[PDB]
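Structure, as C-alpha cells:
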Amino acid sequence: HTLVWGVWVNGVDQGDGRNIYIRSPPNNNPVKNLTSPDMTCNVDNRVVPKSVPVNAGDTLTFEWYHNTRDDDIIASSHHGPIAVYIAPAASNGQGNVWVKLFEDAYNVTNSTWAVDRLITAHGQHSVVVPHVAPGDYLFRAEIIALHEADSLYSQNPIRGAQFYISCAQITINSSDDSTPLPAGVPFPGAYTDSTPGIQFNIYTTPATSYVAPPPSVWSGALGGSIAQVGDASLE
Ligand SMILES: *[C@@H]1O[C@H](CO)[C@@H](O)[C@H](O)[C@H]1NC(C)=O
Ligand SMILES: [Cl-]
Ligand SMILES: [Cl-]
Ligand SMILES: [Cl-]
Ligand SMILES: [Cl-]
Ligand SMILES: [Cl-]
Ligand SMILES: [Cl-]
Ligand SMILES: [Cl-]
Ligand SMILES: [Cu+2]
C-alpha cells in the first residue's frame with residue numbers, strides 16, 4: 001500500500017502533487033485486475049490542473065509514501081520490481097503508447113529488490129527526461145508487489161500480483177526531439193497471466209531467477225535509479 005506524494009526535478013521539490021499534477025487515486029489500495037482500465041493510471045484517471053515543467057536531460061524523481069510523507073514508504077513484505085513508462089498526454093494512456101524508461105527488479109550483489117531499495121531511498125526513484133518532442137506527457141510509475149503473486153487474480157481474486165500505479169502530468173519544454181518517441185505497449189494489455197514476472201513465488205524461487213514483465217527498456221532512455229535525491233524532513 002503506497003502512493004506518490006509528488007516529484008522533484010534536478011533535486012528540487014516541486015511541492016505536494018496529489019490531485020494537482022498527480023492523477024491521484026483516493027487511497028493506497030493496489031490494482032490487481034490486469035484487464036481493467038484501472039491499469040492505465042489507477043482508479044481515478046482524469047486530467048488534473050497542473051503539469052510539471054521539465055527539459056530533456058533533467059532528473060525527474062517520484063516520491064512515494066504509505067500513510068504520511070517520508071514514513072515507512074511501503075510494507076517491507078511487498079518485495080517486487082519498479083518500472084517507469086511514458087506516453088504522450090494526447091493519448092490519455094489509451095492505445096499502444098507506453099514506452100519503458102526504467103526497470104529495476106532484483107540486485108544480486110546487495111541481495112535487494114527494487115522495493116527494498118525504494119524504502120531505503122525514502123520513497124524516491126528517478127528517470128532522466130529523454131529527447132522526445134516537446135509537449136505534454138504522462139509518466140506512469142509502477143511498483144509490483146509479489147508477496148501474493150504465486151496466485152493469479154484472474155483465478156483467485158483475493159490474491160495475485162499487486163500494482164501500485166501513479167501517473168504524473170509532465171510538460172517537456174526544452175528538447176531537440178532527437179530521440180522521437182517509438183512504439184509502446186498498452187495498459188491494460190501488456191501484462192497477461194502468462195507474462196513473465198506476473199506469477200512468481202518469492203518464497204521458493206530464487207530472486208536471481210526472477211524476470212520482470214516486458215517490455216524492455218527503450219534504448220533512447222537516458223538513465224535512472226532508485227535513490228534519495230532530496231530530504232523531505234528539511235522542509
Ligand atoms: C476485470 O476487469 C474487466 C475489465 O473491466 C472486468 O470486466 C472484470 O469484471 C474484472 N474482474 C473482476 C473480478 O472484477
Ligand atoms: Cl476503495
Ligand atoms: Cl483491481
Ligand atoms: Cl500547468
Ligand atoms: Cl504528511
Ligand atoms: Cl538512497
Ligand atoms: Cl535537448
Ligand atoms: Cl537518475
Ligand atoms: Cu499493500
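Just so we're on the same page: first chain in the C-alpha cells is A, next is B, and so on; residues restart at 1 for each chain, and ligands are numbered from 1 in the order they show up.
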I'd like the neighbourhood of segment 156-169 of chain A as a PDB file with N, CA and C atoms, in the first residue's frame, where a residue qualifies if any of its atoms comes within 8 Å (using only C-alpha atoms), though same-chain residues fewer than 6 positions away should be ignored.
ATOM      1  N   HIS A   1       0.874  -1.215   0.000  1.00  0.00           N
ATOM      2  CA  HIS A   1       0.000   0.000   0.000  1.00  0.00           C
ATOM      3  C   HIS A   1       0.890   1.237   0.000  1.00  0.00           C
ATOM      4  N   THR A   2       0.886   1.963  -1.109  1.00  0.00           N
ATOM      5  CA  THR A   2       1.747   3.146  -1.312  1.00  0.00           C
ATOM      6  C   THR A   2       1.159   4.074  -2.401  1.00  0.00           C
ATOM      7  N   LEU A   3       1.526   5.359  -2.323  1.00  0.00           N
ATOM      8  CA  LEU A   3       1.055   6.417  -3.198  1.00  0.00           C
ATOM      9  C   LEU A   3       2.192   7.412  -3.464  1.00  0.00           C
ATOM     10  N   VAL A   4       2.068   8.190  -4.537  1.00  0.00           N
ATOM     11  CA  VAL A   4       3.047   9.243  -4.842  1.00  0.00           C
ATOM     12  C   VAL A   4       2.611  10.570  -4.202  1.00  0.00           C
ATOM     13  N   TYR A  21      -0.828  17.714  -9.859  1.00  0.00           N
ATOM     14  CA  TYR A  21      -0.165  17.193 -11.048  1.00  0.00           C
ATOM     15  C   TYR A  21       0.001  15.668 -11.088  1.00  0.00           C
ATOM     16  N   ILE A  22      -0.391  14.990 -10.013  1.00  0.00           N
ATOM     17  CA  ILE A  22      -0.501  13.547  -9.995  1.00  0.00           C
ATOM     18  C   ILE A  22      -1.999  13.190 -10.089  1.00  0.00           C
ATOM     19  N   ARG A  23      -2.359  12.244 -10.956  1.00  0.00           N
ATOM     20  CA  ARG A  23      -3.727  11.795 -11.099  1.00  0.00           C
ATOM     21  C   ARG A  23      -4.041  10.789  -9.979  1.00  0.00           C
ATOM     22  N   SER A  24      -4.139  11.318  -8.783  1.00  0.00           N
ATOM     23  CA  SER A  24      -4.113  10.506  -7.545  1.00  0.00           C
ATOM     24  C   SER A  24      -5.413   9.715  -7.417  1.00  0.00           C
ATOM     25  N   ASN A  28      -4.436   4.160  -1.055  1.00  0.00           N
ATOM     26  CA  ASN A  28      -3.285   3.393  -1.434  1.00  0.00           C
ATOM     27  C   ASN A  28      -3.546   1.931  -1.802  1.00  0.00           C
ATOM     28  N   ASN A  29      -4.794   1.529  -2.044  1.00  0.00           N
ATOM     29  CA  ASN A  29      -5.084   0.146  -2.416  1.00  0.00           C
ATOM     30  C   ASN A  29      -4.468  -0.205  -3.751  1.00  0.00           C
ATOM     31  N   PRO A  30      -4.029  -1.448  -3.897  1.00  0.00           N
ATOM     32  CA  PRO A  30      -3.420  -1.898  -5.130  1.00  0.00           C
ATOM     33  C   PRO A  30      -4.461  -2.116  -6.237  1.00  0.00           C
ATOM     34  N   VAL A  31      -4.034  -2.040  -7.487  1.00  0.00           N
ATOM     35  CA  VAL A  31      -4.807  -2.575  -8.596  1.00  0.00           C
ATOM     36  C   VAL A  31      -4.318  -4.000  -8.849  1.00  0.00           C
ATOM     37  N   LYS A  32      -5.241  -4.931  -9.144  1.00  0.00           N
ATOM     38  CA  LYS A  32      -4.876  -6.336  -9.408  1.00  0.00           C
ATOM     39  C   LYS A  32      -5.409  -6.930 -10.708  1.00  0.00           C
ATOM     40  N   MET A  39      -5.649  -0.223 -14.810  1.00  0.00           N
ATOM     41  CA  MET A  39      -4.211  -0.474 -15.021  1.00  0.00           C
ATOM     42  C   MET A  39      -3.479   0.710 -15.675  1.00  0.00           C
ATOM     43  N   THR A  40      -4.232   1.587 -16.332  1.00  0.00           N
ATOM     44  CA  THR A  40      -3.599   2.666 -17.092  1.00  0.00           C
ATOM     45  C   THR A  40      -2.961   3.668 -16.106  1.00  0.00           C
ATOM     46  N   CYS A  41      -3.826   4.342 -15.351  1.00  0.00           N
ATOM     47  CA  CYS A  41      -3.408   5.364 -14.382  1.00  0.00           C
ATOM     48  C   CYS A  41      -4.149   5.243 -13.049  1.00  0.00           C
ATOM     49  N   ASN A  42      -4.501   4.013 -12.656  1.00  0.00           N
ATOM     50  CA  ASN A  42      -5.235   3.762 -11.395  1.00  0.00           C
ATOM     51  C   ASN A  42      -6.709   4.243 -11.513  1.00  0.00           C
ATOM     52  N   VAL A  48      -5.739  16.508 -14.216  1.00  0.00           N
ATOM     53  CA  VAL A  48      -5.614  17.365 -13.052  1.00  0.00           C
ATOM     54  C   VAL A  48      -5.023  18.721 -13.511  1.00  0.00           C
ATOM     55  N   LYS A  50      -2.458  20.854 -13.094  1.00  0.00           N
ATOM     56  CA  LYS A  50      -1.113  21.346 -13.270  1.00  0.00           C
ATOM     57  C   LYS A  50      -0.318  20.272 -13.955  1.00  0.00           C
ATOM     58  N   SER A  51       0.764  20.680 -14.595  1.00  0.00           N
ATOM     59  CA  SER A  51       1.651  19.727 -15.240  1.00  0.00           C
ATOM     60  C   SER A  51       3.054  20.249 -14.981  1.00  0.00           C
ATOM     61  N   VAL A  52       3.970  19.396 -14.505  1.00  0.00           N
ATOM     62  CA  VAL A  52       5.309  19.828 -14.087  1.00  0.00           C
ATOM     63  C   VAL A  52       6.261  20.108 -15.282  1.00  0.00           C
ATOM     64  N   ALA A  89       0.527  12.928 -23.721  1.00  0.00           N
ATOM     65  CA  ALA A  89      -0.692  13.241 -22.988  1.00  0.00           C
ATOM     66  C   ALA A  89      -1.954  13.123 -23.846  1.00  0.00           C
ATOM     67  N   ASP A 136       3.191  17.746 -23.835  1.00  0.00           N
ATOM     68  CA  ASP A 136       2.660  17.221 -22.582  1.00  0.00           C
ATOM     69  C   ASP A 136       2.696  15.683 -22.589  1.00  0.00           C
ATOM     70  N   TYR A 137       3.071  15.136 -21.440  1.00  0.00           N
ATOM     71  CA  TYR A 137       3.309  13.711 -21.274  1.00  0.00           C
ATOM     72  C   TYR A 137       2.691  13.196 -19.990  1.00  0.00           C
ATOM     73  N   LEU A 138       2.464  11.883 -19.952  1.00  0.00           N
ATOM     74  CA  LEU A 138       2.152  11.178 -18.713  1.00  0.00           C
ATOM     75  C   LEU A 138       3.340  10.282 -18.423  1.00  0.00           C
ATOM     76  N   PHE A 139       3.875  10.354 -17.206  1.00  0.00           N
ATOM     77  CA  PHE A 139       4.898   9.421 -16.787  1.00  0.00           C
ATOM     78  C   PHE A 139       4.200   8.496 -15.783  1.00  0.00           C
ATOM     79  N   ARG A 140       4.223   7.186 -16.033  1.00  0.00           N
ATOM     80  CA  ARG A 140       3.472   6.186 -15.259  1.00  0.00           C
ATOM     81  C   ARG A 140       4.468   5.343 -14.510  1.00  0.00           C
ATOM     82  N   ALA A 141       4.543   5.605 -13.222  1.00  0.00           N
ATOM     83  CA  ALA A 141       5.340   4.809 -12.270  1.00  0.00           C
ATOM     84  C   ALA A 141       4.528   3.641 -11.725  1.00  0.00           C
ATOM     85  N   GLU A 142       5.184   2.479 -11.664  1.00  0.00           N
ATOM     86  CA  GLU A 142       4.564   1.188 -11.339  1.00  0.00           C
ATOM     87  C   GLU A 142       5.456   0.387 -10.441  1.00  0.00           C
ATOM     88  N   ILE A 143       4.932   0.081  -9.274  1.00  0.00           N
ATOM     89  CA  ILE A 143       5.551  -0.852  -8.345  1.00  0.00           C
ATOM     90  C   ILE A 143       4.700  -2.134  -8.421  1.00  0.00           C
ATOM     91  N   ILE A 144       5.354  -3.285  -8.550  1.00  0.00           N
ATOM     92  CA  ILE A 144       4.619  -4.552  -8.461  1.00  0.00           C
ATOM     93  C   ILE A 144       5.027  -5.286  -7.194  1.00  0.00           C
ATOM     94  N   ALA A 145       4.106  -5.441  -6.252  1.00  0.00           N
ATOM     95  CA  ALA A 145       4.362  -6.212  -5.052  1.00  0.00           C
ATOM     96  C   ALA A 145       3.949  -7.691  -5.272  1.00  0.00           C
ATOM     97  N   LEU A 146       4.901  -8.594  -5.008  1.00  0.00           N
ATOM     98  CA  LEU A 146       4.771 -10.003  -5.411  1.00  0.00           C
ATOM     99  C   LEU A 146       4.429 -10.968  -4.279  1.00  0.00           C
ATOM    100  N   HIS A 147       4.209 -10.449  -3.090  1.00  0.00           N
ATOM    101  CA  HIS A 147       4.029 -11.296  -1.909  1.00  0.00           C
ATOM    102  C   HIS A 147       2.795 -12.239  -1.977  1.00  0.00           C
ATOM    103  N   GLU A 148       1.846 -11.964  -2.864  1.00  0.00           N
ATOM    104  CA  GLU A 148       0.727 -12.870  -3.130  1.00  0.00           C
ATOM    105  C   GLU A 148       0.618 -13.253  -4.599  1.00  0.00           C
ATOM    106  N   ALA A 149       1.726 -13.138  -5.334  1.00  0.00           N
ATOM    107  CA  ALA A 149       1.731 -13.373  -6.785  1.00  0.00           C
ATOM    108  C   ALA A 149       1.996 -14.835  -7.168  1.00  0.00           C
ATOM    109  N   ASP A 150       2.048 -15.731  -6.185  1.00  0.00           N
ATOM    110  CA  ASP A 150       2.022 -17.155  -6.511  1.00  0.00           C
ATOM    111  C   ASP A 150       0.674 -17.571  -7.099  1.00  0.00           C
ATOM    112  N   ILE A 198       4.660 -11.913 -13.669  1.00  0.00           N
ATOM    113  CA  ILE A 198       3.342 -11.631 -13.124  1.00  0.00           C
ATOM    114  C   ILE A 198       2.950 -12.682 -12.080  1.00  0.00           C
ATOM    115  N   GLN A 199       3.157 -13.971 -12.399  1.00  0.00           N
ATOM    116  CA  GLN A 199       3.005 -15.075 -11.440  1.00  0.00           C
ATOM    117  C   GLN A 199       4.395 -15.590 -11.072  1.00  0.00           C
TER     118      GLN A 199
END
For segment 80-155 of chain A versus segment 175-187 of chain A, which residues have an atom no more than 8 Å away, and what is each residue's nearest atom pair and distance in Å rounded to one decimal, using only C-alpha atoms, chain-then-number order, as a tab-separated table?
residue	atom	partner	partner_atom	distance
A:93	CA	A:187	CA	7.4
A:94	CA	A:186	CA	6.7
A:95	CA	A:186	CA	5.4
A:96	CA	A:185	CA	4.4
A:97	CA	A:184	CA	4.5
A:98	CA	A:184	CA	4.5
A:99	CA	A:184	CA	4.6
A:100	CA	A:184	CA	7.7
A:130	CA	A:179	CA	7.3
A:131	CA	A:177	CA	5.0
A:132	CA	A:177	CA	4.5
A:133	CA	A:177	CA	4.5
A:134	CA	A:175	CA	5.9
Given the selection you just returned, output its residues as a file containing N, CA and C atoms, formatted as an mmCIF file, in the first residue's frame.
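Everything below was put into again_38.cif:
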data_model
loop_
_atom_site.group_PDB
_atom_site.id
_atom_site.type_symbol
_atom_site.label_atom_id
_atom_site.label_comp_id
_atom_site.auth_asym_id
_atom_site.auth_seq_id
_atom_site.Cartn_x
_atom_site.Cartn_y
_atom_site.Cartn_z
ATOM 1 N N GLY A 93 -3.382 7.758 -22.257
ATOM 2 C CA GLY A 93 -2.891 6.440 -21.868
ATOM 3 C C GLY A 93 -3.483 5.250 -22.629
ATOM 4 N N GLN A 94 -4.380 5.558 -23.562
ATOM 5 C CA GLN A 94 -5.049 4.565 -24.399
ATOM 6 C C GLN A 94 -4.196 4.183 -25.601
ATOM 7 N N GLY A 95 -4.321 2.942 -26.043
ATOM 8 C CA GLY A 95 -3.630 2.504 -27.242
ATOM 9 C C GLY A 95 -2.253 1.977 -26.937
ATOM 10 N N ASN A 96 -1.490 1.727 -28.000
ATOM 11 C CA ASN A 96 -0.142 1.188 -27.889
ATOM 12 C C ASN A 96 0.915 2.289 -27.754
ATOM 13 N N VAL A 97 0.825 2.982 -26.620
ATOM 14 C CA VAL A 97 1.519 4.238 -26.416
ATOM 15 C C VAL A 97 2.578 4.253 -25.325
ATOM 16 N N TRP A 98 2.606 3.266 -24.409
ATOM 17 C CA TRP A 98 3.530 3.341 -23.233
ATOM 18 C C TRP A 98 4.934 2.852 -23.516
ATOM 19 N N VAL A 99 5.937 3.707 -23.331
ATOM 20 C CA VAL A 99 7.330 3.348 -23.579
ATOM 21 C C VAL A 99 8.104 3.268 -22.254
ATOM 22 N N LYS A 100 8.887 2.206 -22.073
ATOM 23 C CA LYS A 100 9.519 1.980 -20.821
ATOM 24 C C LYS A 100 10.844 2.720 -20.697
ATOM 25 N N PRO A 130 13.895 12.082 -21.428
ATOM 26 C CA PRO A 130 14.537 11.834 -22.751
ATOM 27 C C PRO A 130 14.327 12.940 -23.807
ATOM 28 N N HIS A 131 15.068 12.883 -24.919
ATOM 29 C CA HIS A 131 14.980 13.875 -26.003
ATOM 30 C C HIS A 131 13.806 13.630 -26.969
ATOM 31 N N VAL A 132 12.616 13.595 -26.403
ATOM 32 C CA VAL A 132 11.401 13.428 -27.155
ATOM 33 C C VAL A 132 10.908 14.788 -27.604
ATOM 34 N N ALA A 133 9.866 14.781 -28.413
ATOM 35 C CA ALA A 133 9.221 16.006 -28.831
ATOM 36 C C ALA A 133 8.690 16.826 -27.658
ATOM 37 N N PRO A 134 8.958 18.143 -27.661
ATOM 38 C CA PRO A 134 8.331 18.954 -26.657
ATOM 39 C C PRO A 134 6.833 18.763 -26.639
#
Of the listed residues A:75, A:172, A:47, A:7, that which approaches ligand 7 most closely, counting only C-alpha atoms and all ligand atoms: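 Using only C-alpha atoms and all ligand atoms, the shortest distance to ligand 7 belongs to A:172.
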Which residues of chain A sit at most 7 Å from ligand 1, using only C-alpha atoms and all ligand atoms? Give each one's shortest atom pair and distance in Å (one decimal place), in chain and ascending residue order, as JSON lines.
{"residue": "A:33", "atom": "CA", "partner": "ligand 1", "partner_atom_place_in_ligand_line": "1 (C)", "distance": 4.9}
{"residue": "A:34", "atom": "CA", "partner": "ligand 1", "partner_atom_place_in_ligand_line": "1 (C)", "distance": 6.8}
{"residue": "A:35", "atom": "CA", "partner": "ligand 1", "partner_atom_place_in_ligand_line": "2 (O)", "distance": 4.8}
{"residue": "A:36", "atom": "CA", "partner": "ligand 1", "partner_atom_place_in_ligand_line": "2 (O)", "distance": 3.9}
{"residue": "A:37", "atom": "CA", "partner": "ligand 1", "partner_atom_place_in_ligand_line": "5 (O)", "distance": 6.1}
{"residue": "A:154", "atom": "CA", "partner": "ligand 1", "partner_atom_place_in_ligand_line": "13 (C)", "distance": 7.0}
{"residue": "A:157", "atom": "CA", "partner": "ligand 1", "partner_atom_place_in_ligand_line": "13 (C)", "distance": 6.2}
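Around residue 110 of chain A, within 12 Å and counting only C-alpha atoms, the residues found are residues 116, 117, 207 and 208 of chain A, once anything fewer than 5 positions away on its own chain is removed.
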How would the residues just chosen look if you wrote them out with N, CA, C and O atoms as a PDB file, in the first residue's frame?
ATOM      1  N   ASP A 116      12.673  -2.899  -1.735  1.00  0.00           N
ATOM      2  CA  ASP A 116      13.552  -2.822  -0.584  1.00  0.00           C
ATOM      3  C   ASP A 116      14.392  -1.533  -0.680  1.00  0.00           C
ATOM      4  O   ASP A 116      14.542  -0.803   0.276  1.00  0.00           O
ATOM      5  N   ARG A 117      14.928  -1.260  -1.862  1.00  0.00           N
ATOM      6  CA  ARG A 117      15.782  -0.106  -2.043  1.00  0.00           C
ATOM      7  C   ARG A 117      14.989   1.209  -2.059  1.00  0.00           C
ATOM      8  O   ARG A 117      15.490   2.271  -1.609  1.00  0.00           O
ATOM      9  N   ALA A 207      15.355 -15.278  -6.168  1.00  0.00           N
ATOM     10  CA  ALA A 207      15.091 -13.962  -6.738  1.00  0.00           C
ATOM     11  C   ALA A 207      15.948 -13.673  -7.954  1.00  0.00           C
ATOM     12  O   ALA A 207      15.552 -12.909  -8.843  1.00  0.00           O
ATOM     13  N   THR A 208      17.131 -14.295  -7.975  1.00  0.00           N
ATOM     14  CA  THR A 208      18.040 -14.211  -9.099  1.00  0.00           C
ATOM     15  C   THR A 208      17.440 -14.790 -10.344  1.00  0.00           C
ATOM     16  O   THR A 208      17.830 -14.398 -11.434  1.00  0.00           O
TER      17      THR A 208
END
Picked from segment 37-229 of chain A by DSSP as strand (DSSP E), as a ChimeraX atom specification: /A:52-54,59-65,82-88,99-104,106-107,112-113,124-128,135-145,162-172,224-226
Same residues, C-alpha atoms, output as a PDB file, in the first residue's frame:
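Output (out09.pdb):
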ATOM      1  CA  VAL A  52       5.309  19.828 -14.087  1.00  0.00           C
ATOM      2  CA  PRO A  53       7.701  21.687 -16.464  1.00  0.00           C
ATOM      3  CA  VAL A  54      10.967  19.889 -17.317  1.00  0.00           C
ATOM      4  CA  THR A  59      16.336  14.295 -13.450  1.00  0.00           C
ATOM      5  CA  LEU A  60      12.667  13.562 -12.551  1.00  0.00           C
ATOM      6  CA  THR A  61      12.170  11.963  -9.164  1.00  0.00           C
ATOM      7  CA  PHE A  62       8.967  10.298  -7.961  1.00  0.00           C
ATOM      8  CA  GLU A  63       8.416  10.369  -4.223  1.00  0.00           C
ATOM      9  CA  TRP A  64       6.212   7.628  -2.724  1.00  0.00           C
ATOM     10  CA  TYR A  65       4.760   7.264   0.820  1.00  0.00           C
ATOM     11  CA  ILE A  82       9.783  -0.972 -10.252  1.00  0.00           C
ATOM     12  CA  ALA A  83       9.271   0.443 -13.741  1.00  0.00           C
ATOM     13  CA  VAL A  84       8.575   3.830 -15.277  1.00  0.00           C
ATOM     14  CA  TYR A  85       6.794   4.377 -18.578  1.00  0.00           C
ATOM     15  CA  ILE A  86       5.964   7.432 -20.687  1.00  0.00           C
ATOM     16  CA  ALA A  87       3.202   8.250 -23.150  1.00  0.00           C
ATOM     17  CA  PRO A  88       2.048  11.454 -24.872  1.00  0.00           C
ATOM     18  CA  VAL A  99       7.330   3.348 -23.579  1.00  0.00           C
ATOM     19  CA  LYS A 100       9.519   1.980 -20.821  1.00  0.00           C
ATOM     20  CA  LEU A 101      12.208   4.307 -19.384  1.00  0.00           C
ATOM     21  CA  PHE A 102      13.286   2.341 -16.340  1.00  0.00           C
ATOM     22  CA  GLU A 103      13.330  -1.198 -14.949  1.00  0.00           C
ATOM     23  CA  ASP A 104      14.684  -2.469 -11.694  1.00  0.00           C
ATOM     24  CA  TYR A 106      16.437  -7.752  -8.145  1.00  0.00           C
ATOM     25  CA  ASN A 107      20.029  -6.647  -7.428  1.00  0.00           C
ATOM     26  CA  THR A 112      17.713  -6.462  -2.523  1.00  0.00           C
ATOM     27  CA  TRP A 113      14.583  -5.989  -4.530  1.00  0.00           C
ATOM     28  CA  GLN A 124      12.476   8.253  -4.198  1.00  0.00           C
ATOM     29  CA  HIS A 125      13.327   6.908  -7.653  1.00  0.00           C
ATOM     30  CA  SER A 126      14.232   8.811 -10.761  1.00  0.00           C
ATOM     31  CA  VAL A 127      14.459   8.898 -14.536  1.00  0.00           C
ATOM     32  CA  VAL A 128      16.348  11.237 -16.824  1.00  0.00           C
ATOM     33  CA  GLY A 135       4.804  18.709 -25.318  1.00  0.00           C
ATOM     34  CA  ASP A 136       2.660  17.221 -22.582  1.00  0.00           C
ATOM     35  CA  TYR A 137       3.309  13.711 -21.274  1.00  0.00           C
ATOM     36  CA  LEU A 138       2.152  11.178 -18.713  1.00  0.00           C
ATOM     37  CA  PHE A 139       4.898   9.421 -16.787  1.00  0.00           C
ATOM     38  CA  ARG A 140       3.472   6.186 -15.259  1.00  0.00           C
ATOM     39  CA  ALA A 141       5.340   4.809 -12.270  1.00  0.00           C
ATOM     40  CA  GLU A 142       4.564   1.188 -11.339  1.00  0.00           C
ATOM     41  CA  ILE A 143       5.551  -0.852  -8.345  1.00  0.00           C
ATOM     42  CA  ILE A 144       4.619  -4.552  -8.461  1.00  0.00           C
ATOM     43  CA  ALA A 145       4.362  -6.212  -5.052  1.00  0.00           C
ATOM     44  CA  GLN A 162      -0.371  -6.071  -6.709  1.00  0.00           C
ATOM     45  CA  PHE A 163       0.152  -2.948  -8.797  1.00  0.00           C
ATOM     46  CA  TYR A 164       0.778   0.477  -7.364  1.00  0.00           C
ATOM     47  CA  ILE A 165       0.386   2.786 -10.334  1.00  0.00           C
ATOM     48  CA  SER A 166       0.766   6.526 -10.494  1.00  0.00           C
ATOM     49  CA  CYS A 167       0.551   8.921 -13.394  1.00  0.00           C
ATOM     50  CA  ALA A 168       2.304  12.349 -13.281  1.00  0.00           C
ATOM     51  CA  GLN A 169       1.445  15.108 -15.771  1.00  0.00           C
ATOM     52  CA  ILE A 170       4.835  16.311 -17.071  1.00  0.00           C
ATOM     53  CA  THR A 171       5.465  19.070 -19.674  1.00  0.00           C
ATOM     54  CA  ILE A 172       8.697  18.770 -21.627  1.00  0.00           C
ATOM     55  CA  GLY A 224      17.543   6.300 -13.892  1.00  0.00           C
ATOM     56  CA  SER A 225      17.936   4.979 -10.371  1.00  0.00           C
ATOM     57  CA  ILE A 226      16.340   4.283  -7.013  1.00  0.00           C
TER      58      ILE A 226
END
All residues having an atom within 8 Å of ligand 6 (only C-alpha atoms and all ligand atoms) as a list in words: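 If we count only C-alpha atoms and all ligand atoms, the neighbours of ligand 6 turn out to be residues 117, 118, 120, 121, 122, 124, 226, 227, 228 and 229 of chain A.
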Only N, CA, C and O atoms, please: the residues just picked out, written as a PDB file, in the first residue's frame.
ATOM      1  N   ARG A 117      14.928  -1.260  -1.862  1.00  0.00           N
ATOM      2  CA  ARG A 117      15.782  -0.106  -2.043  1.00  0.00           C
ATOM      3  C   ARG A 117      14.989   1.209  -2.059  1.00  0.00           C
ATOM      4  O   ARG A 117      15.490   2.271  -1.609  1.00  0.00           O
ATOM      5  N   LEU A 118      13.738   1.134  -2.532  1.00  0.00           N
ATOM      6  CA  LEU A 118      12.845   2.290  -2.507  1.00  0.00           C
ATOM      7  C   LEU A 118      12.635   2.751  -1.074  1.00  0.00           C
ATOM      8  O   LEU A 118      12.640   3.944  -0.803  1.00  0.00           O
ATOM      9  N   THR A 120      14.651   2.357   1.496  1.00  0.00           N
ATOM     10  CA  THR A 120      15.891   2.960   1.913  1.00  0.00           C
ATOM     11  C   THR A 120      16.050   4.351   1.331  1.00  0.00           C
ATOM     12  O   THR A 120      16.540   5.234   2.026  1.00  0.00           O
ATOM     13  N   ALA A 121      15.652   4.527   0.053  1.00  0.00           N
ATOM     14  CA  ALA A 121      15.635   5.843  -0.613  1.00  0.00           C
ATOM     15  C   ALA A 121      14.532   6.828  -0.190  1.00  0.00           C
ATOM     16  O   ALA A 121      14.333   7.835  -0.879  1.00  0.00           O
ATOM     17  N   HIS A 122      13.842   6.567   0.923  1.00  0.00           N
ATOM     18  CA  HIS A 122      12.754   7.437   1.401  1.00  0.00           C
ATOM     19  C   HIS A 122      11.668   7.641   0.352  1.00  0.00           C
ATOM     20  O   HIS A 122      11.067   8.697   0.263  1.00  0.00           O
ATOM     21  N   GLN A 124      12.060   7.490  -3.026  1.00  0.00           N
ATOM     22  CA  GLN A 124      12.476   8.253  -4.198  1.00  0.00           C
ATOM     23  C   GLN A 124      13.162   7.411  -5.281  1.00  0.00           C
ATOM     24  O   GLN A 124      14.063   6.633  -4.984  1.00  0.00           O
ATOM     25  N   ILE A 226      17.135   4.221  -8.205  1.00  0.00           N
ATOM     26  CA  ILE A 226      16.340   4.283  -7.013  1.00  0.00           C
ATOM     27  C   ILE A 226      17.292   4.761  -5.936  1.00  0.00           C
ATOM     28  O   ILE A 226      18.239   4.053  -5.600  1.00  0.00           O
ATOM     29  N   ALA A 227      17.024   5.943  -5.380  1.00  0.00           N
ATOM     30  CA  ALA A 227      17.998   6.664  -4.582  1.00  0.00           C
ATOM     31  C   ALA A 227      17.405   7.985  -4.123  1.00  0.00           C
ATOM     32  O   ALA A 227      16.810   8.725  -4.907  1.00  0.00           O
ATOM     33  N   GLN A 228      17.583   8.299  -2.857  1.00  0.00           N
ATOM     34  CA  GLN A 228      17.096   9.568  -2.358  1.00  0.00           C
ATOM     35  C   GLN A 228      17.900  10.740  -3.002  1.00  0.00           C
ATOM     36  O   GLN A 228      19.142  10.716  -3.021  1.00  0.00           O
ATOM     37  N   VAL A 229      17.195  11.730  -3.558  1.00  0.00           N
ATOM     38  CA  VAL A 229      17.840  12.894  -4.083  1.00  0.00           C
ATOM     39  C   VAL A 229      17.563  14.106  -3.190  1.00  0.00           C
ATOM     40  O   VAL A 229      18.185  15.136  -3.338  1.00  0.00           O
TER      41      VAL A 229
END
d(atom CA of residue 77 of chain A, atom CA of residue 210 of chain A) in Å: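 Here the two named atoms are 16.6 Å from each other.
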Contacts with ligand 5 at most 12 Å, only C-alpha atoms and all ligand atoms counted, listed as a list in words: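 After applying the 12 Å limit, what remains is residues 3, 4, 5, 6, 16, 18, 64, 65, 66, 67, 68, 69, 70, 71, 72, 73, 232, 233 and 235 of chain A.
Atom to atom, atom 1 (Cl, counted along the ligand's line) of ligand 2 and atom CA of residue 155 of chain A stand 21.5 Å apart.
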Members of segment 76-150 of chain A assigned helix (DSSP H, G or I) by DSSP, as a VMD selection string: chain A and resid 89 to 91 114 to 120
From A:90, A:217, A:211, A:202, residue lying nearest residue 105 of chain A [only C-alpha atoms]: A:211
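Atom pair atom 1 (Cu, counted along the ligand's line) of ligand 9 / atom CA of residue 192 of chain A has a distance of 21.2 Å (rounded to one decimal).
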Which residue of A:152, A:92, A:209, A:11 approaches residue 45 of chain A most closely, using only C-alpha atoms: A:92
Pick from A:213, A:80, A:17, A:206, whichever lies nearest to ligand 4 using only C-alpha atoms and all ligand atoms: A:17
